[PDB]
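Student: Sharing a structure here in structure tokens format.
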Amino acid sequence: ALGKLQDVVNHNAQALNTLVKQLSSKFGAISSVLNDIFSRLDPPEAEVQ
Amino acid sequence: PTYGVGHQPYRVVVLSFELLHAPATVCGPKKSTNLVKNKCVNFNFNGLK
Amino acid sequence: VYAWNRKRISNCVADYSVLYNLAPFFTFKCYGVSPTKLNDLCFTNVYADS
């Protein structure tokens, strides 16, 4: 019965958790951690990563 | 010793590294400091900054 | 060349800076890591092939 409200509570969660899952993607880079990129590579080549 | 630089002998050393999920055993000369807890500090662990 | 000497260097403190005075280094190229900033990363087991 109280579903139309629960959906508003559910989708918002799917709007946040998924937005968190996007932080684990590399987007074509070597990793998803900026510290590991800054420590291994130098800025001249870390800019493109 | 009379040939050109293109034919001169060159000593070459290849240092191959390994980054696995294991207690690291070879790093550089960085003095370790004390562990101060409950304070926002800059942590600089073996492979995590 | 066909019998390049491979040695496992474990449980050490790798100070690459001393490698610049005991032997004059020419073009130095590192793949995967930068030439500098090698004193703040601790590897697990390194291998020297000479």
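Student: Can you spot a residue in the range B:37-47 that is closer than 20 Å to residue C:30 by Cα, in contact with a helix residue (DSSP H, G or I) (Cβ under 9 Å, 6 or more places away or on another chain) and free of Cβ contacts under 8 Å to residues at least 12 places away in the same chain? It would help to see each step written out before you state the result.
Tutor: Step one: of the range B:37-47, the residues closer than 20 Å to residue C:30 by Cα are B:46-47.
Narrowing the set further to residues that are in contact with a helix residue (DSSP H, G or I) (Cβ under 9 Å, 6 or more places away or on another chain) leaves B:47.
Now narrow it down to the ones that are free of Cβ contacts under 8 Å to residues at least 12 places away in the same chain: none.
No.
Student: Could we say that residue B:47 is surrounded by 10 or more Cβ atoms within 10 Å (Cβ to Cβ) and either more than 7 Å from every other protein chain (Cβ to nearest Cβ) or in a loop (DSSP other than H, G, I, E, B) (or both) here? Walk me through it before giving the result.
Tutor: Working: surrounded by 10 or more Cβ atoms within 10 Å (Cβ to Cβ): yes; either more than 7 Å from every other protein chain (Cβ to nearest Cβ) or in a loop (DSSP other than H, G, I, E, B) (or both): yes.
Judged against the criteria, residue B:47 is a match.
Student: Something else now. Condition check: exposed (fewer than 10 other Cβ atoms within 10 Å of the Cβ) and within 7 Å of chain B (Cβ to nearest Cβ). Does residue C:11 satisfy that? Working first, answer last.
Tutor: Numbers: exposed (fewer than 10 other Cβ atoms within 10 Å of the Cβ): yes; within 7 Å of chain B (Cβ to nearest Cβ): yes.
It is true that residue C:11 is exposed (fewer than 10 other Cβ atoms within 10 Å of the Cβ) and within 7 Å of chain B (Cβ to nearest Cβ).
Student: Moving on. Is there a residue in the range A:9-20 that is more than 24 Å from residue B:17 (Cα to Cα), in a helix (DSSP H, G or I) and more than 19 Å from the chain's Cα centre (by Cα)? Walk me through how you get there before you give the answer.
Tutor: First, pick out the residues of the range A:9-20 that are more than 24 Å from residue B:17 (Cα to Cα): A:9-20.
After this cut, where a residue has to be in a helix (DSSP H, G or I) as well, the list is A:9-20.
Imposing the further condition that a residue be more than 19 Å from the chain's Cα centre (by Cα) reduces the set to A:9-10.
Looking through the range A:9-20, at least one residue is more than 24 Å from residue B:17 (Cα to Cα), in a helix (DSSP H, G or I) and more than 19 Å from the chain's Cα centre (by Cα).
Student: Taking the condition at the interface with chain B (Cβ under 7 Å from one of its Cβ atoms), of a type outside the set (D, E, K, R), surrounded by 10 or more Cβ atoms within 10 Å (Cβ to Cβ) and free of Cβ contacts under 8 Å to residues at least 12 places away in the same chain, does residue C:19 pass?
Tutor: Working: at the interface with chain B (Cβ under 7 Å from one of its Cβ atoms): no; of a type outside the set (D, E, K, R): yes; surrounded by 10 or more Cβ atoms within 10 Å (Cβ to Cβ): yes; free of Cβ contacts under 8 Å to residues at least 12 places away in the same chain: yes.
Judged against the criteria, residue C:19 is not a match.
Student: Filtering the range B:23-42 down to residues that are within 26 Å of residue C:36 (Cβ to Cβ) and exposed (fewer than 10 other Cβ atoms within 10 Å of the Cβ), which residue is farthest from the other protein chains (Cβ to nearest Cβ)? Write out each step before concluding.
Tutor: Our first condition is that a residue be within 26 Å of residue C:36 (Cβ to Cβ); within the range B:23-42, this holds for B:23-33, B:41-42.
Filter once more, keeping what is exposed (fewer than 10 other Cβ atoms within 10 Å of the Cβ): B:23, B:31-33, B:42.
Numbers: B:23: 8, B:31: 11, B:32: 11, B:33: 13, B:42: 11 Å.
Result: B:33.
So that you can scan it fast, the table gives a plain yes or no per residue for (1) out of contact with any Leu (no Cβ under 6 Å at 6 or more places or on another chain); (2) within 29 Å of residue C:29 (Cα to Cα); (3) hydroxyl-bearing (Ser, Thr, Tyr):
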position: A:11; (1), (2), (3): yes, no, no
position: A:14; (1), (2), (3): yes, no, no
position: A:18; (1), (2), (3): yes, no, yes
position: A:23; (1), (2), (3): yes, no, no
position: A:26; (1), (2), (3): yes, yes, no
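Student: Can I ask one more? Would you be able to tell me the number of residues in the range B:1-22 that are within 14 Å of another protein chain (Cβ to nearest Cβ) and either touching a residue at least 24 places away in the same chain (Cβ under 8 Å) or part of a loop (DSSP other than H, G, I, E, B) (or both)?
Tutor: Residues flagged as within 14 Å of another protein chain (Cβ to nearest Cβ) and either touching a residue at least 24 places away in the same chain (Cβ under 8 Å) or part of a loop (DSSP other than H, G, I, E, B) (or both) within the range B:1-22 amount to 12.
Student: While we're here: Could you count how many residues in the range C:34-50 are more than 7 Å from chain B (Cβ to nearest Cβ) and not polar (S, T, N, Q)? Talk me through it step by step, then tell me what you get.
Tutor: Applying the first criterion (more than 7 Å from chain B (Cβ to nearest Cβ)) to the range C:34-50 yields C:34-37.
Next, only the ones that are not polar (S, T, N, Q) stay: C:35, C:37.
The total comes to 2.
Student: So, one more: With respect to residue A:48, is the statement that it is under 12 Å from the mean Cα position of the chain (by Cα) and either loosely packed, with under 10 Cβ neighbours inside 10 Å or closer than 26 Å to residue C:40 by Cα (or both) true? It would help to see each step written out before you state the result.
Tutor: Details: under 12 Å from the mean Cα position of the chain (by Cα): no; either loosely packed, with under 10 Cβ neighbours inside 10 Å or closer than 26 Å to residue C:40 by Cα (or both): yes.
Here the answer is no, as residue A:48 does not meet what is asked.
Student: Now a separate question. Answer with yes or no whether residue C:5 is more than 9 Å from chain B (Cβ to nearest Cβ), surrounded by fewer than 11 Cβ atoms within 10 Å (Cβ to Cβ) and not aliphatic (A, V, I, L, M).
Tutor: Numbers: more than 9 Å from chain B (Cβ to nearest Cβ): yes; surrounded by fewer than 11 Cβ atoms within 10 Å (Cβ to Cβ): yes; not aliphatic (A, V, I, L, M): yes.
Considered against the rule, which asks whether it is more than 9 Å from chain B (Cβ to nearest Cβ), surrounded by fewer than 11 Cβ atoms within 10 Å (Cβ to Cβ) and not aliphatic (A, V, I, L, M), residue C:5 comes out as yes.
Student: Give the residues of the range A:7-39 that are exposed (fewer than 10 other Cβ atoms within 10 Å of the Cβ) and within 30 Å of residue C:35 (Cα to Cα), sorted by residue number.
Tutor: A:23, A:24, A:25, A:27, A:28
Where a number appears in this text, it was derived from the coordinates with a stated rule and is not lab data. Note that we place each Cβ from the backbone using ideal geometry, even for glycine, and neighbour counts take in every protein chain shown.
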